[PDB]
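Visitor: Give me coordinates for this.
(one chain, ligands or ions: 6)
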Amino acid sequence: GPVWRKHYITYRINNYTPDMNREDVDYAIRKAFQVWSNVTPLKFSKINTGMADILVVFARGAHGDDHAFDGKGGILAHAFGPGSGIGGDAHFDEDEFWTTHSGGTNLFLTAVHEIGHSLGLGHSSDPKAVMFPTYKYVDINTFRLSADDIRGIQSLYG
Ligand SMILES: COc1ccc(CCS(=O)(=O)NCC(=O)NO)cc1
Ligand SMILES: [Ca+2]
Ligand SMILES: [Ca+2]
Ligand SMILES: [Ca+2]
Ligand SMILES: [Zn+2]
Ligand SMILES: [Zn+2]
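Guide: Numbering: from 1, shown residues only. Ligands and ions are numbered 1, 2, ... in the order given. You can find the structure just below:
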């Protein structure tokens, strides 16, 4: 499928969920990115202005693509694969309740999953993998990518 063909990649948080403190959304998204840079040659940067490769968006219902959101539960988030414009963009369902912990939907673990997509990974059938399609909360201090995840992204990059 598509990969990014360059090492320096940008992201930009477009708008912030009301559910969390600002610095907490910044930190969840930054930490999620680091999970992928730790196993690839890529370098990520947050830019606050203008066009970014990966636009991080909180939205609800119909929000301008063809992957309409479905109220609370169901579709937690989605993302598009590498490419320009909407390519790489990750959208988070604001009808969910975003958290740092386990009440509601953990933003950090969802963003790790979505960035997986943003970078060109499809889903894995391995339950152990972050790219498995079902959300399950684990203490984010204990989160590690499965060997499956590592084997997929290193197939794509580096
Ligand atoms: C292991 O951690 C996670 C695994 C999956 C999910 C998202 C599940 S989803 O939104 O309900 N399914 C849509 C989808 O695949 N969009 O990307 C979040 C975290
Ligand atoms: Ca939903
Ligand atoms: Ca984009
Ligand atoms: Ca919300
Ligand atoms: Zn969308
Ligand atoms: Zn997914």
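Visitor: Would you map the strands across this protein?
Guide: Applying DSSP state E to the chain gives strands spanning 8-13, 43-46, 54-59, 77-79, 90-93, 98-99, 105-106.
Visitor: What pairs with the fifth one, parallel or antiparallel?
Guide: This points to strand 90-93. Counting by DSSP bridges, the strands paired with strand 90-93 are strand 54-59 (parallel), strand 77-79 (antiparallel).
Visitor: Please see if the shortest one touches ligand 1.
Guide: Yes. Applying Cβ under 6 Å from any ligand atom, one finds that strand 77-79 is in contact with ligand 1 at 77, 78, 79. Backbone N, C-alpha and C define where each C-beta goes, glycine included.
Visitor: For those, could you give me TSV that also reports neighbour count?
Guide: TSV is the format used below for the residues of strand 77-79 next to ligand 1 (neighbours: other Cβ atoms under 10 Å):
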residue	neighbour count
77	24
78	17
79	24
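Visitor: The residues you listed: which ones sit near ligand 2?
Guide: Filtering these for neighbours of ligand 2 using Cβ under 5 Å from the ion leaves an empty set.
Visitor: which parts of this protein sit against ligand 2?
Guide: Near ligand 2, when you scan the chain using Cβ under 5 Å from the ion, you find 70, 74, 75, 93.
Visitor: Show me how to select, in PyMOL, the buried members of these.
Guide: Buried residues within these, as defined by 16 or more other Cβ atoms under 10 Å, are selected in PyMOL through the command that follows:
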select buried, resi 93
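Visitor: With distance to residue 20 added, can I get the residues of the chain next to ligand 2 in TSV?
Guide: As requested, the residues of the chain next to ligand 2 are arranged in TSV below (distance: Cβ to Cβ, whole Å):
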residue	distance to residue 20
70	21
74	20
75	19
93	14
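Visitor: wait, which of the residues of the chain next to ligand 2 is closest to residue 29?
Guide: residue 93 (15.4 Å; Cβ to Cβ).
Visitor: got the residues of this protein near ligand 4?
Guide: Counting by Cβ under 5 Å from the ion, the chain comes close to ligand 4 at 19, 94.
Visitor: Spell out which parts of the protein neighbour ligand 1.
Guide: The interface of the chain toward ligand 1, taken as Cβ under 6 Å from any ligand atom, is made up of 75-79, 109-110, 113-114, 117, 130, 132-135.
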